[PDB]
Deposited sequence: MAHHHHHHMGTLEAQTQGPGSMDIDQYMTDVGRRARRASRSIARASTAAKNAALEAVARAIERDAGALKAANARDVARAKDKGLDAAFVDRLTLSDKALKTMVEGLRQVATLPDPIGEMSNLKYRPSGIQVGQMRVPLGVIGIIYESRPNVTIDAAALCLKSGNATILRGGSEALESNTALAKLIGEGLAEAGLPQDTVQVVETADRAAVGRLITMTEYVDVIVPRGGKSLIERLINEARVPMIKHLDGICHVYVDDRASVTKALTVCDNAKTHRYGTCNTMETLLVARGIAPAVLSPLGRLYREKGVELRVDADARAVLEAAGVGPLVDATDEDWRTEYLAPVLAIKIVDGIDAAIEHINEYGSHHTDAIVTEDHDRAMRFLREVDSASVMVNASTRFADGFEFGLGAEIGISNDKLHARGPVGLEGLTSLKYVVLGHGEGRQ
């Protein structure tokens, strides 16, 4: 089994040369072909998925189901990626140096992307589409609980690859169900350049401890909205109504004015409120309840904490948060800009809902995942996250 994965790795590396070379038109043609194939086998796909969904119930299961609406979404997603600009081969900043050479960078694919996913058989299409368009070979590793759906989709990918003239190995499915496959895959550093997990925190914690191949991922997010004492209450109500706020931080000076309509609005929608001692007093005096005591671990449910002001807010966020998405509500210009600069999170917001931190809202036109890491790709990740910049030199015979 350690020779099978090695073989998969070798074939990926070799396939990666072909897809790297493939023109914009060929890649888009592959994608459109996979799209039409799905429109064609809608029934067989709906049928196969049902077999999977039935054995599922017979022992999340939502995210496993391919409704007519999910297929439509996968197809529409294929055509979106086709519509996206082809980022490969682009040259930038080709400047002359005193020495005579001209130096710039080229955007090229990473090469080989490993996708490890649980349920979510749509990942089979959505992940591979993005990798393919960005010129990479893809290694797919789904979960047992979706064998037939993934197998069926992976064959349609191959059909699209065949239609475009591309090698079948442009997309490989790890066919086994053997446990040690993932262990080998996340350690296959010669042949795999990055892993994109699409599972729960349980799997993501395993990979974090074990993987030697770099990953694009976020350990599930604790996100904050800090309501400053120079907040507009009106903005705070609109704004505060993986990137969903889990903790509301409110400056002491404005808590009564803000927490009264906020807590009341949240209560009416059925949200449980976990509050620190100060917030409890503010909410009780406003007649808003019931309320649950917040523990230190707390840092359909919302945690609420009172802070002295912006210094304590930034410090709490950088210390306890997941560095995913965090927002400030304030009318004070310097405090707004300070927050943007100092809050060390993947996306930082002034007077806007934390829900806006996703690839489509941000204009990336896609989202392979969301990264809370500092290096390479951070925040919502689009096509570019699956590419690299190398230096290219237009010379004229210069020696050194």
| item | value |
| --- | --- |
| Deposited residues without C-alpha coordinates, grouped into stretches that follow sequence order | 1-23, 83-87, 270-278, 337-342, 444 |
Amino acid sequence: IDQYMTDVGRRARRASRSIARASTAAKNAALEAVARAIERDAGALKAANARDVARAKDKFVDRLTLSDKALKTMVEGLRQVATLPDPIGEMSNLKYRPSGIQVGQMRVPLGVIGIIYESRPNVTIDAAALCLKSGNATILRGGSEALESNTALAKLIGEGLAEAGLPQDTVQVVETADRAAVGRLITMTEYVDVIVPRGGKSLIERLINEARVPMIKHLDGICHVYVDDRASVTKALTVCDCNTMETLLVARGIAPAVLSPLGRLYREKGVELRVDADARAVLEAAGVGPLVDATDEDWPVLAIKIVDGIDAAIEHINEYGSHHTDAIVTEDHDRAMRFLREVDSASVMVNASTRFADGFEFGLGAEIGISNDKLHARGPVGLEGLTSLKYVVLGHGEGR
From here on, numbers count along this sequence of modelled residues.
{"property": "Mean C-alpha temperature factor, higher of 265-273 and 302-310", "result": "265-273"}
{"property": "Of 229-237 and 193-201, the stretch whose C-alpha atoms average the higher B-factor in the entry", "result": "193-201"}
{"property": "Criterion, highest CA B-factor; candidates, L219, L249, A137, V103", "result": "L219"}
{"property": "Deposited CA B-factor, highest of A54, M349, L31, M337", "result": "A54"}
{"property": "Third assignment of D58 from its chain's C-alpha B-factors", "result": "highest"}
{"property": "Chain-relative CA temperature factor third for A129", "result": "middle"}
{"property": "Entry-reported Cα temperature factor of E39, expressed as the chain third it lands in", "result": "highest"}
{"property": "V81 CA temperature factor, ranked by third within the chain", "result": "middle"}
{"property": "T65 - Cα temperature factor, lowest/middle/highest third of chain", "result": "highest"}
